[PDB]
Every structure is written in C-alpha cells, then in structure tokens.
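Report on the structure
Below, each chain spelled out in residue letters.
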Amino acid sequence: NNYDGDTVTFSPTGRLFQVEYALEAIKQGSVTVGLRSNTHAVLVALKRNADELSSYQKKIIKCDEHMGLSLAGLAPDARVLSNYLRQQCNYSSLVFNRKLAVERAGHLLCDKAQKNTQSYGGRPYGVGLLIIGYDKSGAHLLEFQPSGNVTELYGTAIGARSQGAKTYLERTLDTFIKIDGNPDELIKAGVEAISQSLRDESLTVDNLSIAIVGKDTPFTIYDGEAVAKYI
Amino acid sequence: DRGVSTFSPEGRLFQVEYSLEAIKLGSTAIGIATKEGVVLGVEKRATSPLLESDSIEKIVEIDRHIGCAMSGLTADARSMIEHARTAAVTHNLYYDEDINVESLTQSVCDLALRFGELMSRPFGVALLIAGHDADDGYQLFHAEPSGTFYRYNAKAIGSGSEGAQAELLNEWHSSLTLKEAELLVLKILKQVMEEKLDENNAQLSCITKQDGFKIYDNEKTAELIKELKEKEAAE
Amino acid sequence: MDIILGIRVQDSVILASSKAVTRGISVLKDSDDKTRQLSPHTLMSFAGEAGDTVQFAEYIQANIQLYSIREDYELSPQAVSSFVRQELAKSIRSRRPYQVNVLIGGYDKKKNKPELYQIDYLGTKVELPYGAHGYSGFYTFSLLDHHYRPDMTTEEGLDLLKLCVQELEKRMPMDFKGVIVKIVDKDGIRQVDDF
Amino acid sequence: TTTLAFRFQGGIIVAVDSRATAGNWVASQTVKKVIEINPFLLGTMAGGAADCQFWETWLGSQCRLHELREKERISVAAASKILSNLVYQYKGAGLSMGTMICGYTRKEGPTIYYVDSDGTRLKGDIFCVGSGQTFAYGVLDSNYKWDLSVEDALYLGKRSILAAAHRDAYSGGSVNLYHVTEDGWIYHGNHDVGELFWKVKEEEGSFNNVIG
Amino acid sequence: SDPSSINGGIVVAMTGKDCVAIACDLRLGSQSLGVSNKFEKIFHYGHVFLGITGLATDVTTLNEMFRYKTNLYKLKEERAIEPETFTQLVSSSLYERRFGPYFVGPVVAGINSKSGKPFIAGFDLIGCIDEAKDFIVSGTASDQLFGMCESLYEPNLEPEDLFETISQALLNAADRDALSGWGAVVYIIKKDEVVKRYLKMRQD
Amino acid sequence: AXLX
Amino acid sequence: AXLX
Amino acid sequence: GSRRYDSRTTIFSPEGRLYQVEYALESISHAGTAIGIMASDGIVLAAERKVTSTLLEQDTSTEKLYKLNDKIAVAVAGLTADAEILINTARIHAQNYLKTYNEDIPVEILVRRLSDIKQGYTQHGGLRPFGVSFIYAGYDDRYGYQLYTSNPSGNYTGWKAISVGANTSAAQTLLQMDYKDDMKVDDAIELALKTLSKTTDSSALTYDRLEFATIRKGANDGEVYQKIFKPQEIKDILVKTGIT
Amino acid sequence: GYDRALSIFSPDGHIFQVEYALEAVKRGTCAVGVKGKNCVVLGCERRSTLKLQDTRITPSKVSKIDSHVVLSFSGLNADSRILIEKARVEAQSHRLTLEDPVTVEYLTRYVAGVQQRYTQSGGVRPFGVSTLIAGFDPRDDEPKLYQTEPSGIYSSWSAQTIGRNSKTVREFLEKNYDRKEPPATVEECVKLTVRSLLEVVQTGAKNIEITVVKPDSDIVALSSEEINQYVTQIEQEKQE
Amino acid sequence: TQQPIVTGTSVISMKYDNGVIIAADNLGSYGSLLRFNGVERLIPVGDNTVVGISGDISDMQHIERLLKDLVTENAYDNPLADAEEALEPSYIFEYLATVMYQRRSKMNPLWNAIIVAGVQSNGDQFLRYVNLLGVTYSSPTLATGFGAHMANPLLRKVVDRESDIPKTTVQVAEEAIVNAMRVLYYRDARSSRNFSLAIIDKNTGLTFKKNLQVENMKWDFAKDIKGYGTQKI
Amino acid sequence: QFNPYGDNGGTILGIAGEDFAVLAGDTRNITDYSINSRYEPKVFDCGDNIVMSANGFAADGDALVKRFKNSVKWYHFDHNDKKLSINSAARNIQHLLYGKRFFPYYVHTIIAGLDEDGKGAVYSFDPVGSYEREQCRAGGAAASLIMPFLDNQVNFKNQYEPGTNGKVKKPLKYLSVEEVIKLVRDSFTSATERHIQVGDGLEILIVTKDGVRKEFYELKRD
Ligand SMILES: [Mg+2]
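Conventions and cut-offs
- Residues numbered from 1 in each chain as written, not as in the entry; some residues may be left out.
- Chains lettered and ligands numbered in written order.
- Part of a larger assembly, values for the part shown.
- Heavy atoms only, no water.
- Residues with missing side-chain atoms left out of burial classes, pairs and counts.
- Contact = heavy atoms within 4.5 Å.
- Disulfide = S-S within 2.5 Å.
- Pairing = 2+ DSSP bridges.
- Helix = DSSP H or I, 4+ residues; strand = E, 2+ residues; numbered from the N terminus.
- Axes fitted to C-alpha atoms, helices over the stretch in contact; angles between N-to-C directions.
- Buried < 20%, exposed > 50% of the residue type's maximum accessible area, 1.4 Å probe, protein only.
- Donors = N, O, S within 2.8 Å, 3.2 Å for Na, K, Ca; no water.
- Core = buried A, V, L, I, M, F, W, Y, C linked by side-chain atoms within 4.5 Å.
- Buried area = accessible area lost by both parts, 1.4 Å probe.
- Salt bridge = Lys/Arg side-chain N within 4 Å of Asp/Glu carboxyl O.
- Polar contact = N/O pair within 3.5 Å; in protein donor to acceptor, adjacent residues only side chain to side chain.
- Nonpolar A, V, L, I, M, F, W, Y, C, P; charged D, E, K, R; others polar.

This deposited entry lists X-ray crystallography as its structure determination method and 2.70 Å as its resolution.

Below you can see the structure in the form of structure tokens.
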C-alpha cells in the first residue's frame, strides 16, 4: 500500500508487492497446460483474440530443437525471456556441443528474473512460462513464475481458471504419466485437462494451440487445420 | 510520484494504460484487408481552416510493400517510422529480399517497452501497418504501445473507433473487392467524423502486390466520395 | 593538385591555381577549381593529398558560413586565417593529419586593405605580398622578388602573374593544364575567364 | 578492369568489361561491374571486387532511404557524396575503389561523378577507370564529339572497352553497355569479346597487328 | 624530417648592468627555400619577454598559449607575471607534453619589477630550465652563438655597449648558418624603457 | 581476393 | 634534450 | 530508490513558469542594487555593498564588480560564490576566442555563451540554477559601448541604462526620467550615484558601501581603459557631485 | 546522469509537462506569419513595459537559419537560442553532405524532431517555445510557412500566429485571408500582417517588427519609419 | 604475440576396437636444456577423457586449471553430474577448441597442440586434435610435433582406415604406441626416456600408467661404426 | 612472430544442373608436408536445402560454416520459419565475410542448392565476400588445375560445331546428374595425380527438391 511503489521495498510482513502485482497479470492470462509422460512432453494453450476480426495471439514459442515454452501474461516479456533461452541453448551448442539441460534452462530463467526483483528502476517480468523439453535425462516440464520461482512437475497449468485443469491433472496423474510411445494419447489428455478451465467457450480450430517434444520428435507446434484432429 | 515502470494492482502497467487514453483522443484511422489489396484511410482533422491540409501526413510509406497509418500523439511516430524504414531496408541489404510484414511489425513493437529509468515514457500513438509479402499475402496489423500487435481483417483506431469497429464487424466479408473496401473506409469515416467528409480532410491509400503502396491524390479520392453518395442515394 | 599562387597588390588579392587533376599516368581532368569561397570577401585555394584537400576546404567553408549566419557579420581575413591555422595545428598531431596547404586571400573592409595568408599543413602561417605552395615557389618567389612593386594595380598584378605562369610552363616537368585566376577586392570575389 | 562513362548530346554512355584477376589467375570472366542503383542511377566498379560490390550495394540502400525520408529521388551529387564521404572515413585502412556514379535528375541533367578510395570526387563529362583506363582513353578521346548519335556513342563506348580488353592483360571477358537518358537507364546487352573482336576486325578492318 | 630545423632561426639573450637584451633573426624557410623575411621570434607578456626557436607552427602556438595563460594570471592575481614565475610556467607547460613535445627552444628575458634584478633563462623542448648570469642561446646556429657569446661577452655592460655585443654575436653566428638570418631584431630592456632595433645584415 |  |  | 528526495529543479508549473528560476529571481531581489548606464563616450558601473561592518577590509575587497577581459566587466547581483564560478568560465571563454581568432571577443558573443550555460541548468541535469544576475559593460569595434543583463533563466537583453537586484522598480523609473541619449560619461556617473542615493535602504550613501567602475575611450586615442575606483576615488566622486 | 522521467502520462492520457510548455508559449509576445503570392512576412510584437532598451544590440526576434530561411517564435527566449543554434548547424551540415541548402519543410521537420525528442527523454523538460519557420526552397519561388510546437507536431499555414492573444489575431486572419487571393504583393502582404498585429498590440510604435522574405535569399528587416508608415496609413483608412 | 619457453614434445594416440590409447613423455625442455623431468602432460578429466598437451608448459598449466574449473562448474546444480550429465569428451574438446580459436583471433594464442582422447557415453571412441591456430581434425591415429612425422606412419600401419579399428586389440595397439615412443627417443632431441600412457576402454574404463620407460633398445651396432668414411680403427 | 593463419589444403568443386546441384570436396586435411586426416569432411548440409564448403584455412572455414548454420537457425526464429532462399543465403554470407574485411577468413567459399524456380544454383565467394552465381566453380588448392577443364566440359568453351568453319559454337545445354558426377570424379582423380595436397577421398553432396544425398569415393593416398 505504502510499500508497493517499487520492487526494492519490502512490506512490514516481508512481502514484495510489485512482484505480487506481476503475478497478477499471469492470472488475467488465457489458460495454458503442460503435462508429460516418460517419452514425451506436451503443451496445450488456449489462444485469446481481440474481437472477431482479429488473430489469436500465439502463446507457444520454440527455444531449440529439444525445448520450448508456453506463456501466460505479458507477451513481450515472454519474447524477452524466450529469446534469452534461445541464446542460452545456442551458447551450449556452439561452445560445448551440448544440448542444454531443461533443468539448467530453469535455473537460468530464475536467476534472470530475480535480478529485476532486487534493483531500483527495473521491474519484475509480467509473465508465467511452462517449459517442456527432452534431454539426456528424458522428458521434462517446468513452471516459471516472475518471482523467479521455477518448479519441475509431471503436469500443471497457469492463467485464468487454471485451477480446473490443475485439479484434473492431479487426479489423472497415474494415467497420463504412463502414456509412453503414444503422442496422440498424451495430447488428448492435455486437451481434456484444458477443457476443465473453459467457461462459455469451447475449443475451435483457430483457438487451440498444441506443442510436443520427446524421444524422436523435435519440438513442433500445431495450429489451425493441424489441430482439428483433436477437437 | 512513483516509478514509470510500475504495475497496478490489477497487473497492468500504469504508463502503458495511460498512453492508451491519449490514443483514444486521436483522429480516426481505418484499414481493411482484401484479397486484392489493403486500404488505409484517415481523418486529417485540421485544427483551423488556415492550416494547409495536404501538409497533414498521417499515412506514410515504410517500404514499397508496406504502408502505415497512425493515431494519437503523432509526433511520437516519427522515430517509429524511421526505425521501420531502416529495419526494412537493412533486411533487404542483408538478405536480398523483401522483409515480411509481420517481421517488420514485430521489429517496431520491440521498441515499445524500451522505456524506464532507453526512453522516458511509452509512445502515445497506435499504428496500423499494412502490406504484402509472398508467404502470407495481404496483411493488416494494429501495433500498440504495449508492444502487442494483432492481425486484423479490418480495424479502426482513434476517437471514432468503437463505433467504426462495430460497423466494420457487419460490413467485412472474405470476398470484398478493393473498390468495395475503399468505399467502405470512406463511408465509415464519414459516419464517425465531426465535420463533413470531403477530399481535403480525409485521405486514402492502398498497397497492392502489383503497384505497391500508393497514397491517393485529392482528385481520385473526391471521385470515390462522389461514387459513394450515388451508391447510398440509389437505395 | 600542385600549383597555387597568390599576389597581393594595392587594392586586391589575386589567386591563381592549376586546373589539372592527375592520378597515375592519366590526367583525369583539366578544369578543376582548387578554391572555396569562405565568405563574400575571403577566398581559399588549396593543394595536397588527394581527398584531404576538398574535405578540409569544405569543412572550413562550412564553419565560416555558420559563424556568418550566427553573428550576421563577416569575419576579417586575419581572423579566418587564424581559425584555419589552429585547425591545421591541431590536425598535425592527430591520428591522421590533414595533408593540405592553403592560401587565404581576402579584402578586409574595416581596414580597406587586401591581405594574403600562406599556411602549410603543419599550421605555419605567414602574411605575404606574394605566396606559393609546392615546387611553384622555387621559380616564382625570385621572379616576384624582381618584378613586384607594392603599389601595383590589379591589371599590373595579372601581367605579373602571366609572367609566373609562363615561367612555370617553360620549366616545370608536369603539364598542369593552365590556371584559374580569381580576384578578391572591395566588391567581393570574381573569376577571370580567359587566362 | 576497364570501365568508362561519357556525356554527350543524347545523354550518358556507360560501358565496362567483366574480368576479375588474382595476380595472373583469371578468376572470372562474368563479373557484373555495373550496379543498377535505381532506374535513373548507375554505379561502375573497379578495384577490389568485394570493396566495390559491398559498398556500392550499400550505397543503393542509402539512396532508397533518402527517397523514403525526402519523398524524392536522390541527386547524383548527393549519392556520389555519400559514397565518397564513406570511403574517406576509411582512408588509410586499405580500401581499393575507383567508381563512377552516373545518372539523370531533372535538377542536374545527365551527370557523372568519379569517386575513388583516396576520397577524390570529381564531376566531369568523360572518365575511364581501371588498369585498362589508358587504352580506353586513347580510342575514346580520338573519336569523341559532343554530337555523336546515340548509335555512334554506344558503339564508341563498346569499341573503347574492346580496345582495352585486347591490350590490357587484366581486362576482358565481355562488354556491358548502358545508355542513360531523361527517362532512366537502358541496358544495351552483354557482348562476349570472344565473338566481338572478330566481328569488329572484319567489319571495321582494324586490328591489323593481329594474325587474321 | 628533423622538426627543429625545417624552418630555421635563432634567439640569443644577455644580461648587462641593470639591463637585459634579447635578439632574434627574421628568417622563416621551408628547408632550402626562404619563405618570409618578417618572421619575428620574440614576444612579450607585459614586461616579460619570450623568444622561441624551432618549428614555426609550435612557435606560433606557444605564443598564443602563453598569452592566454598570462592574461588569466593577470586577471586572477591582479599583477603582471614576473620573469622567475613565467620561467616556471613555461617549464610546467612543456613538460606536460613530455611524450609528444613542442619542437622549440624557448628563451626568457626581463627585469623583475620588485627586485630590479635582470633575469634570463633558456629551456629544452621538454621544459628543462637553464638559468644563467650571462647569456642563453637557441636555434639552428646555436653552436656558433655559443662561440660568439663565450668570447665576446663580459659582465656589467652598459645598455648601448650590450647592444653592440649581442648584435655582433647574433650577426656573425647567423652568417655561418644557412638556415638563420634574413634580418634581425634586438630588444634592449631597462627597468622601464624598452628599445627595439632592426639590424642591417646580409640577405643571403 | 580479386580485383577488377 | 640536455643530459647530466 | 532516491527518486523520493528529488525536488525536480527543471520542471514547468501548470502556468508554464520555471519554479526554480522564479525563486532564484526572488533571491536576487534582496541583493545590493547594481546599475549600468551607457553614454556616447563611455559606460558606468555602480553597485551598493550588502550592508557593511566597520571592521570589513574595504579596499582589498570585491563583491560586485569583476573584470572579464580588458574590454569587458560585469556587475553582480546575487550569490557571490555562484557568480565567481560563472566569471572564471567567462574569463576562459574570452581567452579561447582570442587564441582562436587573434581578436578580442565581441561583447554579445561572450554574453550569449554565459546565458547559454545558465539556460542549460533550467532544462537538464536536475541541478539548481545559478542565483545570479549580471550587468555586462564592454566595448568592441562592431557596436562600440554596450550594456547587457542576464538572469538565472539565461535570458539576456541590451540596455542604455539598467539596474539589477534590490529596488529595480524605483531605480528603473528614475533612470527613465533623467537619462538622455547624448549624455556624456561624467553625467552618467552622477545619474548612477543619484539613483542609488534615492533607492538605498541605508540612511545615507557613503564611500565604504560602494563599488564603482568606468569604461571610457579616456586613455589615448581610439583605445579603451577600465577604471575600477579605489575607495578614496569614490569618496572624492561622492563629494564632487554633492552627496556628502 | 540525471535520468528522471519528467514528461510522463497522466491518467486522462495527457502529458502535463508538454501542456505546461504550451502555457509558456501563450505568455510569450505575439508572432504572426502571413504568406503572399511571392513572399512571406513575419511580424512580431515587442512588449512595451521597457524603455532604456538598447535596440542596436538586443537580440532581434526573427532569426536567419540560413540565408533563405528565417525562424521566429513565442515563448521562453533562452530555450529558443538552443533550437536556433541546432537548426543553424543542421543547415550547414545539409549543404555539406547533400550539396544543396535545406528545404523549409526539411528544416522544420528537423526542429520539430528536436522538440519531440525532449518530450520522451529522461532528465530534460520540453522546450517552452513554438516556432514559425518561413522562406523559399532553393531554386523555387512558391512561398513556405510552417509552425512547430513543444509536442513536436508541425504543419503548413497560409498564415498563422502564436503567443499571447494569438486567438484574437488568428480570428482576424481567418476572416481577412482569402486562400483564393493571397496578398498579391509585398506592400499588400506587409499591410495585412501589420493590421492583424494592431488588433492586439497598442501603438504601432517601437512595438512591431516586420521581416520580409522574397525568393533567392532576399531577406530584409523593415525599420521603424517604414513600419510606422504602415501604421499611420491604416488608421487613416479606419475612420469610416 | 608470444614465444614458448618451457615446452613439451610429442603427444601420440590411436583408436582400437574398444577404446583409445594416448601417451606423452614427462619432459619440460627449456630450449636445448632438458630442464624438468617429472612433468605430467596427460590430464584426465572424469573417468572417460584424457587430454594430452604439447607446447608451452605455462599455457598447459593454465589449461589444466580451466579443465579442473570446468568439472566444478558442471557439478553445480546438477544432480546427474556423475551420470547422464557427466562431462563427455566431445564437450571438453569443443570447449577447448572454442578457447583456442578465440585466443588466436585475439592475436594472443595458447602455444599448444592438444589431443582429446576418450570414450563417449554411448561407447563411441573420441579422438580429436586442436592447436594454437584453432585448427581441428579427427583421425584413427593422431600425434603432435615429431610424433606426427614418426609415430603416425607407424600407427597407421596398424589402423590405416575406419574398418581397421574393430580388428585392433588393446594389446596390439599398446605395442604400437610403446614402440612409437622408443623411436621418438632415438630420433627427437627433445624427448625423454620416461613417459605416461593412458587407455580409456568402454568396458574397463580409465587406466593411467605412470613412470613407463623405453626399453629393448638397439645400440649394439654402434661399436662397428668407426670414422665417417675412410678411417678404419 | 605469431602467424594467425595456416593452410590445410584440399580442394572443392560445385556444378549446377537443371533441377539439381552438387558440391564436392576431397576429404584430406594437411599442414606443410604432413597428412592430418584422410577423412575430415568439409562440405556440409546447412538446412533449407543448402550445402556449403569454405576451403583454405580450416579453423576459419569451420568458424564461418558454424556462423552461417546459426544464421539459418535465427532466420527461422525471426521470420516465422520461412525458407532461406539460396540468393538470400549468398547475400547473408557476403556480410559474414565482409564483416571481417580487415582480418579476413582465409577461405574460398562455395554454396549449392536450388533457386526459387527449382533450378540448380552454385554461388562462389572470394575471402572478403565478393560473390556471383555460376554453373560452375572449383575452389581451393587445385582450383587452377580443375577450373579450365570445367570451362571446357561444362560451358563448352573453345568448342565449335564440326565443319562450320569455327563459326558456330557448340550449343549450351544442361547436364544429367550422371554426367556431372562423371566430370566431378574425373576432375578429382586428375587433381589428385598432380597436386600433393589433394587425395585420400572424395565426398559429393547432391541437392534436389527431395533433399540432400551423399556419395563417397576412394582417392589415391600418396
Ligand atoms: Mg645565413
């Protein structure tokens, strides 16, 4: 209240209100879901439009052949962070001939965000990210929040009404975790999870966005007629 | 006071939200995308009859295949246009090809959030960016000071925008000819403008694959104005 | 580049400057004007390293014209010459110095006197009755030591200059393709068209 | 290289050869030494192949930006001065260029500027540039009249490059020909010296030094 | 290619009974070519006199510089700079350009206006002070000047005698140097009048 | 590199 | 420059 | 951060005035009055000292009148320390011009640069303006004798006669009344002292509460001399015009 | 460096520091520009609470930027020097690189750009100045008159005025200027300009400046009597 | 712009059916002075990679430190540091190659020639070379210095192309390497008798043998050589 | 004094047919009179149906190829996965090379693929980025041996129609891929015979609208 003027100020109960307000733009964001088996990892995102004359804002960004993410919140902030990831993955290849561990991608994002939560004049990032990838230790899903907290999960979801999907995934765990060697089944489960977060709307052909990465699939993104298979 | 880069409790950037208000005060700009071209029209809004209206430049060339209309604090757009032109010409130097309309738009939008305590405030102007490229055809983009851009089949910005957008919602269909679209931009402008639309206080332009971006002379626009009254009278 | 002379008579300063531009074994041009007007009563001729000469002259011209506009006044020849000298004196210790030599001829309207300044690329300035840069001086200085008188008319000055150009066309190794002559006096700067 | 450009009654002629050498090694016989900057502007290349190609296509981008910003085509004087002010910045770094900037504007008329990497910039009616320049000059100068017909001018230009291609070891391949008028530039073809020499020898009866 | 002998020229200074003299030649040349016959090498800042030999561009520059510095000195201190002090300022200023120096051989002469003492000094191009009772020499004919002075000079000369002596040292040194001469100027300096005489000398 |  |  | 403690010295009021400039001007209005008067044959600078103590060393003192070069002097109203900063800048700028052109700086050119410096402190850098107004008195061979003033805004203007500091309203009215174009220097000397005499907040004007300077052609033939009056010389000129 | 964002947005979408800069212009002495068929005239009021002024040396209000273009202004005087210097430098630089003097539009666009830059840069306030810029493009005889303001917007005017009581004199010109028939001569145009200034000024005494600009670098300032005559001649046609 | 002071001579190496062998002597020369004798020029990194280095020893010691720091850095926030995210030989190589080429590009090289030998996690043999110019190459045999001239021709007699690697046992290959080291001691004026050898096997892992010696030398015929042409006694 | 350049030998060759193009190079790598490797490839699939070789100083060749491959990556990231046309690759590579004008990459660069009408294309570069499209180019150590052979056999230079009195040139015509591989193999065996830095192996990358195929052939090992 008197303590929300900038990020460099703690409140008397030890909170950081600008970081908390950053977390709030995530909540206004269109829903997106991540989940994974042992062989693949999937992102599903609901895309939002301005009106009926407009495009549906992309929420999925490729970071490397083995990595990529979905966004909820301020889109330019995802562009900055995804671009940083592209560079970090890139540097790992050119210098060490090594595909960047999804875990390290996690740690690198956390440390980038954190700097903007301790210095005057900056501002926290206003976006949440779900990072999937397939690396030397298998399929991974990460959740990034602009407090700098990053978390590894079998599944999760973020944005408005993400609590529907996050509950569904919590019961479904023992099923989806074991959809190995079947891309289309893992995706189906993801699409169902996201459906638990719809209200007054359902998934159309230019509304739905899916991505998959895993054992012998490069991170690829499906939009338009390519998602009709799944509605 | 309080930082220029501060979030509101709703999770929005105060300075960005306030610039969006300044844009609502701006003169009207409208663009319509067809399979034969993209039209861009604007309201000149001369602040006094002595001011020579042809000197009001709110439609602007970026490259041969990309054009721009603006609305809001229009002086803020000079550097955005300058960046856009450089980005387009540089791309052609580095790659011996035309730069995609979306790539151009994304380049301009990258400028937008580079403000803080880099520039001192967001831009107070929205842009309609219209062009053609071989991959995705004719395109229209609305570029805001939030760094966000949206593709549109048709779009209005500025003071008359919520009225005009509802109208565009009704009139746009996937088979408009270019000539239909020109008339439509003229029609919708005459509706939302304060003073009476003529060839001196509105201006039209298009970009077609064949002849690129052209701004229409007053003689040509005057005739599409005449052609529009005769269409309306006749039913 | 190569040939630039100047003579100051009773009531004017005359500058003569060769027209040839040569690179390698080719005379690329025979009508080159090796001069810039700095202000309406000040003229500067130049010779030296290719490129450097024009770049320097135009840069001085731009600075003097700016001063004129700013103060609505014409700097005296003495003042312009001192500005030019300082620029060259800085330059000589730069990473890459301007290799340009100049003659500045001007009519000072406060004094009603013509003035001729000779300045080399090191920033060495001297006021003179007559001047030259490069190998030209090796013939003309002695000739002018003989024939020059302080009170000559502009016409006497031009005849004296005909002598200098004749000698240079007789004894110089190179074909410098004639000179363009210009007179600076109380009424400004004009060009003689048949020399 | 040999390149030339001259003004006359009917506009400007521009003619160049197409050879590139590394020492005595003939690296290419098919180099395009004229760059078409805009429909009323041409640049010729001589010196470093890369230096010329790079900075002259860079020049085109700068001329394009002028017309976007100023709503007008760039003057020959201003286009040439961009290139010359650029190379002057690099003076001493070892760039190697001899170029002519050739074009028509309404304010200027047909205009040619010679621009080289020592930073020399000259307006003029006739220039020849490159290792073959003197050979080209010899023919060109001794047949040049202001009043040449367009037909004669084109031939003289072509013939002057042929002369240089023959005598200068570092010129050859083919002649490229342009005519520049109030309406812009017109290309007048690629002419292999392979066939052009023999055709000219026969039809003109020149080149008697050569075993027929 | 030796900057200290492109233009040529010389300066000499001497003390007498309650006076000093300082003299220079008038030549400015570019190697073998004589260019100007009016190039004086002595300047003054109030009652302190500075002669400078060497590269003419630096001679001109340094005069302009010391005019600047002494003008500000006068404004702040509310008095004219004295020779002992000016000598120190010359030294500082040259040594400040230690690894890119002015190619000059300056000489200072004047009378301290409190103490009445005559004072002369000379410097190398990087600021080393040479103070002397008798004479200081500088320029392309310095060997000759050293010879002339060391034999012609005697202490306590009257101003009109000192004039003859310094003039004969200058003239005869100049005549054995190809790069010096073409005219000469002698300043006789007493506690408060200063006479300046132009000498008649051979013009070759 | 070549020359022309 | 004088030495010592 | 530190934004909390920033007074924002370079902003506009809602009326479009510069707070700090206005407040600086307010400061200057309590300073010892200084007057410049321009004649056909010279210029006068007269200024009143901020109220003396009998123990102040008055002859080796300077508070109001400073020499810029040989042809230009200024009279100060405001913070002395602020003024010296500007005075040394101006003195240096004069010498750069001389060094560059081998000609003494034209009076306006010097005045413009100083005023341009002041202007900068009102538009960028977040620093407080200089609390000083100057009267410049000088000669050059373009315009001859000139008087100018500059104030914390960096605005400058030229005058036949002008005052700065305290009571300029009363002083300006009085100069307007008695000034006339053909005036000689010695008449202007009298006008200056009579004007201070009537506007002073002191009981009576004495030698020890004044500084005084002339700039005349009153050396020898076509050249110019600055005279900064010694205390005894002021005491005399105060008698000579019957104020004591 | 001092960084503070002084020109920022307010909740209603206004930039108060720009708007307050406009207030400073409003308080400035009046300036008017009128273009004839073949000339452009620049008139400026001088506030007359000042006698003992020295007019020889006091900064005139119309400035030559190059020898074919002039600029006048209303607002903060010290601010205007900064814009004039920058404009003068650019004029010389344009000649150096383009080998042609500036168009009036080009120079106006430049000054405008400078003004705009100062509305979105940290640590600086906007310029408290609006300008009238007038002259003739090189080798052109069609007259040009442009106006700029603190925000950076600029445009072309048949005639225009700025400063205090500019709404009164804009009023005048709006009813007295025929687009169809602009003041066919110098004499005619100077008059219209002085008339409009007399609506607001006082005596036409040492109160009005006029500068006339004709084609090919022909710029001359009228002096008191030449203006005075115009004043005298209008009041004598006034009693009717 | 550098000149090497204390230096190490040849590093030699080859692939065999199950792994790679690499060897290098224990000398640090100082021009013609054989100054230092206990110098280890093979540096093991993990238990799957050996890096052998010739050239300037001060730069070798610098490179040691880089490698030891690289191990440390790889363990950071890495729970699979001794498993799937252990440093591979290909990672260690590319890192070195990157540095070598940057240092040459800054006109301040690391005055070395380097061979990285090891086994990748999928069991593949890794052998690659990089030097002060940043030049890199792979071959079934690799050597530096005199090794390139004298060892390669000997080692290629055993493995002359890709297909010869399955056919080559570790006993055969160690023989070839050890024999090559003897030759170099006969013929390189800056070699020592003492050396180290390391095998990196896809089954047995890393075996690092120190204090080897050249043995079974032929010198006897020296007695029969009298004079330089015509002399008899 | 430290010399930042070296010479790794080898040689490369590009030929373009009507609907295909090839880029070949030997697989030998050398310094001075020593062989570094008998199989060290220097022709690379760079994605988007572009093959590239940069022959001369290998360290520079590798750096450049690495940079261009990376350039292709970012072209996708920045322009919505658009295909990088061969003409655009060429121009991008010019800037890569000329960017190092004052400390050049010591390589002769060739790229091959298909133009936008599906026709075969070969582009070649000097070390500082002059470039030009051709039917035909050899580069590297044996360039001077192979290039004139190619002028004769690919562009039919100095070849006339028999009995036309040397008045009618042999008419130009595209070559089958089978014919082109024959000229490549002969070019390299000839080059191997007469140049000491060329030998060991030959690798050919063929580029058609169905992608990139490789062929390998043994060359003499002396
Ligand atoms: Mg002599």
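**Concerning the arrangement of the chains**
Here the protein chains form 20 pairs of chains in contact, of which the pair with the most contacts is chains H and I. No interface is formed between chain B and chain J, the nearest pair of C-alpha atoms being 25 Å apart.

**So, the state of the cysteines**
Applying the stated criterion across every chain, the model contains zero disulfides over all chains. In this model A:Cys63 remains outside any disulfide bridge; the closest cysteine sulfur is found in A:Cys89, 6.0 Å from its own. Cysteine D:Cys102 is unpaired, with the sulfur of D:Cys128 as its nearest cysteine sulfur at 11 Å.

**Focus on the sheet that holds strand β10 (residues 212-215) of chain B**
All names here are of chain B. Ordered in space as β8-β1-β2-β9-β10, the five strands form an open sheet in which the pairing is antiparallel. Both outer strands of the open sheet, β8 (154-157) and β10, are each paired with one neighbouring strand and no more. Geometrically, the sheet is characterised by an average inter-axis angle of 10° between neighbouring strands, direction not taken into account. Sheet topology note: the strand β9 (residues 202-208)/β10 ladder contains four bridges and is antiparallel. From the neighbouring strand, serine 205 faces β10, where its bridge partner is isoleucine 215. Of the strands in this sheet, β1 (29-34), β2 (37-43) and β9 are in contact with helix α5 (residues 178-192), which crosses β2 at around 20°.

**What about the pairing of β8(B)?**
Residues and elements named next belong to chain B. Here β8 shows no split at all, with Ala154 and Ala156 on one side and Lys155 and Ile157 on the other all buried. Bridging between β1 and β8 involves four bridges; their strand directions are antiparallel. Each residue of the ladder has a partner; that of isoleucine 30, found in β8, is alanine 156.

**Notes on the coordination of the magnesium ion**
Surrounding the magnesium ion are the protein donor atoms E:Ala174 (O), E:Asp177 (O) and E:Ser180 (O), which sit 2.4 to 2.6 Å from the metal. For the magnesium ion, the donor residues sit on a single chain with the sequence spacing A-x2-D-x2-S.

**As for the nonpolar core**
Grouped together as the largest cluster of nonpolar side chains are 51 residues, with contacts concentrated most on C:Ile7, E:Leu62, E:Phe66, E:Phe86 and E:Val108. Dropping the residues within four chain positions of it, E:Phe86 is found in contact with E:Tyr45, E:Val48, E:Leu50, E:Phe66, E:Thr70, E:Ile81 and E:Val108. The next biggest cluster of nonpolar side chains, apart from the first, holds 49 residues, and it includes J:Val50, K:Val72, K:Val107 and K:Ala121.

**Remarks on the pairing of strand β6 (residues 42-48) of chain C**
All names here are of chain C. Burial runs high along β6: six of the seven residues are buried. Relative to β6, strand β5 (residues 35-39) runs antiparallel, the two sharing four bridges. Across the sheet, residue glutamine 37 finds its bridge partner in β6, namely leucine 43. The turn linking β5 back onto β6 is made up of two residues. Across seven bridges, β6 lies against strand β7 (residues 100-108) in antiparallel orientation. Paired with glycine 48 across the strands is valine 100, a residue of β7.

**Some points on the interface of chain I and chain H**
Contacts between the two partners involve 31 residues from chain I and, on the opposite side, 41 residues from chain H. A buried area of about 3,000 Å², summed over both sides, lies between chain I and chain H, and 56% of it is on carbon and sulfur atoms. Across the chain I-chain H interface, the total number found is two salt bridges. Two residues, H:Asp6 and I:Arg4, come together in a salt bridge whose shortest N-O distance is 3.5 Å. Our count for the chain I to chain H interface comes out at 16 residue pairs in polar contact. Of all the secondary structure elements, the ones that give two or more residues to the side of chain I that touches chain H are α1 (16-26) and α2 (77-98) of chain I. Looking at the side of chain I that touches chain H, its residues break down into 16 nonpolar, six polar and nine charged.

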